[PDB]
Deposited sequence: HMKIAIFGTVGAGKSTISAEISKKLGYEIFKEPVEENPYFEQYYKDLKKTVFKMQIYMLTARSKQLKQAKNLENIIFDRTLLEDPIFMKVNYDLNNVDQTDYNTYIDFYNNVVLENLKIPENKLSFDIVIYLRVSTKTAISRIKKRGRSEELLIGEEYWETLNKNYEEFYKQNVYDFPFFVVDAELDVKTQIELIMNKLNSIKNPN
């Protein structure tokens, strides 16, 4: 049983994974957030940090894969293949031009994807406004520094990623507008088969 929890910032991926990790007793794998040296920088000045951030995060994914692909029972807060979503966002908001985005996608497919799977990818589908409010009460204060446009563009691209599903994830969709209690009940049900 290899589980992943998928969705934008403030979707409640951490709250959901923790509860699951309590109920089934598996280990949660979490990307560096407190340890990321570019975190505050990233939200003050996207244009200047996007590349630094991206290279750091891609290194971290590469490490997680090393340990994960020899374990039967795992829970993943985010998957390894979701970094281009944040790039695509900066591209849409004109922090990254065509050339950069072409270099990155050329980079991603020809350098990164040379590393080359879950049982279920839970998608916490949520509106922008709700995620924004969960950043206010559950997320990192740095995340409070950029405008709404960023979060809108992120949510948009997350759904886009889910609809195109280019890696063929065994997706399962949960309406995250519901309170956590219900979300857990629907997740535990689906997992029981």
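Coordinate coverage of the deposited sequence breaks at 1, 118 to 124, 202 to 206, these segments carrying no C-alpha atoms.
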